[PDB]
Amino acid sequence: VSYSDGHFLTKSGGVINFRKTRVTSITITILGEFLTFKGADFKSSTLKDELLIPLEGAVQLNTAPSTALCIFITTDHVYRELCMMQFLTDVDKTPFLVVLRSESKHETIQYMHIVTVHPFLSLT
């Protein structure tokens, strides 16, 4: 009764698992560990300062932003960075995970690994 599990599918067919815990008027969502995204999962694979991961699945998830430590692997480099992440729903009802970064690079993302991320808050 405390929690529910859910998931999303990425464009490349990856599964993002999460668990939601209701704490009265708020919900805390924790993502599954060892999450890795391919460049193919992003709307654009360019390593921009705003990245969009379109999602599919059964239930919307709309959150405040949370801090993550991510690793971005490009052909030539490895970038280890604190980023902010947020689950948002599009005007077309399409769920997205948005990743906000400090510095745009003219490089293509091969992988993004989430090392660790703070729990996500939603105000229900």
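Numbering starts at 1 and runs along the sequence shown.
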| query | finding |
| --- | --- |
| Stretch with the greater mean C-alpha B-factor as recorded in the entry, comparing 90-98 against 77-85 | 90-98 |
| Of 32-40 and 65-73, the stretch whose C-alpha atoms average the higher B-factor in the entry | 32-40 |
| Where the record places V117 (Cα B-factor, split into thirds across the chain) | lowest |
| Lowest, middle or highest third - CA B-factor, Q110 | lowest |
| Within-chain third of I26 by Cα B-factor, per the entry | highest |
| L52 by Cα B-factor - lowest, middle or highest third of the modelled chain | lowest |
